Amino acid sequence: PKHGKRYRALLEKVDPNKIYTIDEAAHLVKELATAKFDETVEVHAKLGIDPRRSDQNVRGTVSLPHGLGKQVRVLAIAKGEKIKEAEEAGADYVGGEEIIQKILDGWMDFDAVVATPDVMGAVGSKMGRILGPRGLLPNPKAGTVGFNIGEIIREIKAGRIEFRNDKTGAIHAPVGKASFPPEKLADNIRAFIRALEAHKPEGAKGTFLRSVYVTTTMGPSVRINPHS
Amino acid sequence: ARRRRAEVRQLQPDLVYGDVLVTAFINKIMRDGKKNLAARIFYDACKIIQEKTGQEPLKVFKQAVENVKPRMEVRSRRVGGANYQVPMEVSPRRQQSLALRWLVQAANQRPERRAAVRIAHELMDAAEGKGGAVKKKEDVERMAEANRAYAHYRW
Amino acid sequence: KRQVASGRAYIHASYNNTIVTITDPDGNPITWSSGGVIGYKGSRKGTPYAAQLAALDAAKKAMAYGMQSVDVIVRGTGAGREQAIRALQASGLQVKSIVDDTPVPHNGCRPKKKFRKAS
RNA sequence: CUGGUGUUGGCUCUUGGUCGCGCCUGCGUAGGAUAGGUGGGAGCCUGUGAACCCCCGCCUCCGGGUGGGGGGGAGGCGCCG
RNA sequence: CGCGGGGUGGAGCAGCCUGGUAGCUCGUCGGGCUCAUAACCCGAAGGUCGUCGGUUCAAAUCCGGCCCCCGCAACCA
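Protein chains in written order, with the deposited numbering: chain AC, 1 to 228; chain BG, 2 to 156; chain BK, 11 to 129.
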């Protein structure tokens, strides 16, 4: 039919009109993660803004207190002592100056792509037309720019994520997995809600937080309470 | 031809491949009875078809006169002080004369030095279907099957 | 919206364009078509080929409307007319029957001087 | 001249533009098709009937997406390419 | 002056909105064609997407300042 038998049974333990604070949501998402693998906890929401202008288009970063649990393979396009700086801190691919010569025919997606301030004249024409809207853009507001490139890679491998606003006007980003207890999920979902409060654009009027959903990869969502 | 139905002029089998069609194409390749340098050219073409494509030249030539024959066309014919461009399938004889003549004309609008390579490179393209000669076939049928409004005057 | 398989198809064939309407059993337009609806304009509308297309187009635009069988009624003259009937048939419809209902005055209004050559 | 109200009351029908949601849709081209967009995903859809054969509601930029009933028995969809 | 819609070949205009697509049409021009021309049909010269900076690994697009046209109701000491 329209739905399933492993999906719909999850539509019995959650009332949409019953606002489950991140505690009755972090206790109920522990009974939504039924999968061969270990799911995640997709955290979504609809902000009170306008995604068509550039005064309220929220974006940035934020480290979650417990992390995620899903390892991300971060690489680099260094310049100087920032080639051995990302290789002492822990990086898969690093300072090869222009290793853009390998990735120009093929490639089966690793995870990340960082750089630095001086390789901006040609770090736009080589691999600036490929990963573009493929969310791997070395955007400095995204957190992938700077001479401190090996210092920004020990937190994206140990917790920190990225929440960007899309064309429509919402804010996504995972805050853990499905095997994370009621303490690791609920406390973490609190260090990402400040990231939407503190990064809250200026020209945005009204009650910024219209909604804040929290579900599980292949499971139903809960219109969780905003601050708690 | 106002009395008898004209009279189909009869060709003379091609001395190398047999077919009468062959010599006909040459008759067009020709200018001023220079039937030799005329004939000559046609073959030299095949020598390229042979080296450029391991396909028998004849087998190619035939298939190039085919993929070009225009199945229908437009011919003027007034009825009431108006020149409609009525379309009607074309005689299987004219259906050949056209294709042949065009393959020749086209083969002379290409930027190729020796005449040989022209008739050759062209033919090879008439078969594949992508040629300047194949072109008219298309632009002569796009004509009819467009003016198919005046069809009803099929004299 | 509503969908009914039984129908009635009208052929108003004139001189400058053949036109056809397809109604329901009560005679209410479900959809219509004409030499103008198709790409044609001007004189080549009155031509039969146009009539055919019009009929076909009318059929399909009537078919996907829940049609299956129609009652044909022609009116007028002009080339197109004929082709139009034959077109409705070999087109996928069901010509249940054809009638020739051309309007004729039992001598009423005087016609224009064009139509009055019949002095 | 005119809109709103007051004097101004009964009885059904019709139907918008908001806003309560329950719910339903999307395609230039290259491309097996009809890929709105961001985030998640290496996994789920079937014995509460899957490949397909028959029928209808619906939508149409008419290729085809969509969802229920009824034949039938175990095969689908995607990562990857 | 406050509000908001966009400048794109010679001209206009879809793309924007929903990121990476110079697409639609006529003039131009070589040619096919026909008595002649339009239509039809192939091929091509012509777009810094107003401009300037940033956001962009990529911007006609998101975009901050901005040149100018349009629309707009008010006001006018």
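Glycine included, every Cβ here is placed at the ideal spot set by N, Cα and C.
Check: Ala23/BK - containing beta strand (DSSP E), residue span; Outcome: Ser16 to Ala23
Check: Residues bridged to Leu47/AC (per DSSP); Outcome: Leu209/AC
Check: Any chain BG beta carbon closer than 9 Å to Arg91/BK; Outcome: no
Check: For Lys184/AC, the residue or residues it bridges with in DSSP; Outcome: DSSP, once it has assigned bridges, lists no residue as partnering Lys184/AC.
Check: Closest Cα partner of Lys55/BK within the set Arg91/BK, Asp81/BK and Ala97/BK; Outcome: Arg91/BK
Check: Which listed residue (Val66/BG, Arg149/BG, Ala83/BG and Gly81/BG) has its alpha carbon closest to that of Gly132/BG; Outcome: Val66/BG
Check: Collapsed DSSP secondary structure at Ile161/AC in the structure displayed; Outcome: strand
Check: Contact check, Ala61/BK vs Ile32/BK, beta carbons under 9 Å; Outcome: no
Check: Any non-hydrogen atom of the ligand COA closer than 8 Å to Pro133/AC Cβ; Outcome: Ligands are entirely absent from the displayed structure, and the ligand COA is therefore not among its contents.
Check: Nearest to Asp111/AC (by Cα), restricted to the options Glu87/AC, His199/AC, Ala178/AC and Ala76/AC; Outcome: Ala76/AC
Check: Contact set between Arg143/BG and chain BK, taken where Cβ atoms lie within less than 8 Å; Outcome: In chain order: nothing, as chain BK lies at least about 15 Å away.
Check: Cβ-Cβ distance between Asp118/AC and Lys79/AC below 9 Å; Outcome: yes
Check: Close Cβ partners of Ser221/AC (< 6 Å) along its chain, the five nearest in sequence each way excluded; Outcome: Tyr213 and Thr215
Check: Sequence-distant residues of its chain with Cβ nearer than 7 Å to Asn109/BG (five each side left out); Outcome: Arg119
Check: Outcome for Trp156/BG when other beta-carbon atoms lying within 10 angstroms are tallied against a minimum of 16; Outcome: exposed
Check: Candidates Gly219/AC, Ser228/AC and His227/AC: closest to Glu12/AC by CA position; Outcome: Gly219/AC
Check: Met108/AC classed as buried or exposed, judged by whether at least 16 other C-beta atoms fall within 10 angstroms; Outcome: exposed
Check: C-alpha distance - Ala40/BG paired with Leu104/BG, whole-angstrom precision; Outcome: 15 Å
Check: Interface flag, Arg149/BG vs chain BK, CB-CB below 9 Å; Outcome: yes
Check: Rounded Cβ spacing between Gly48/AC and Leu209/AC (contact assumed at less than 8 Å); Outcome: 7 Å
Check: Chain BG contact for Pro58/BK (CB, 9 Å cutoff); Outcome: yes
Check: Distance CB(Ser211/AC)-CB(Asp23/AC) smaller than 9 Å; Outcome: no
Check: Reduced DSSP secondary structure (H/G/I, E/B, other) of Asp15/BG; Outcome: strand
Check: Same chain, Cβ closer than 6 Å to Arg85/BK, five either side skipped, listed in chain order; Outcome: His22, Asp111 and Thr112
Check: Interface flag, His153/BG vs chain BK, CB-CB below 9 Å; Outcome: yes
Check: Cβ neighbours of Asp126/BG in the same chain (closer than 6 Å, five flanking residues each side left out); Outcome: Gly132
Check: Nearest to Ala195/AC (by Cα), restricted to the options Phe163/AC, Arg134/AC, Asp187/AC and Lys167/AC; Outcome: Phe163/AC
Check: Span of the beta strand (DSSP E), counted from its first residue to its last, around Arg76/BG; Outcome: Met73 to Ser77
Check: Three-state class that DSSP yields for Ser129/BK in the structure shown; Outcome: coil
Check: Under 8 Å (Cβ pairs) to chain BG, residues found in the region 29 to 62 of chain BK; Outcome: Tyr50, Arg54, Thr57, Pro58, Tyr59 and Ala60
Check: Nearest candidate by alpha-carbon position, reference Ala65/BK, set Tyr75/BK, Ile48/BK and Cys119/BK; Outcome: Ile48/BK
Check: Exposure label - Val21/BG; buried when at least 16 CB within 10 Å; Outcome: exposed
Check: CA-to-CA distance, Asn38/BK to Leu103/BK, given in whole angstroms; Outcome: 18 Å
Check: Sufficient close CB pairs (3 or more, under 8 Å) joining the region 132 to 146 of chain BG to the region 72 to 85 of chain BG; Outcome: yes
Check: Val41/AC vs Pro174/AC beta-carbon contact at 9 Å; Outcome: yes
Check: Spatial neighbours of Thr144/AC in its chain, beta-carbon cut-off 6 Å, leaving aside the 5 residues before and after; Outcome: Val114 and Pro138
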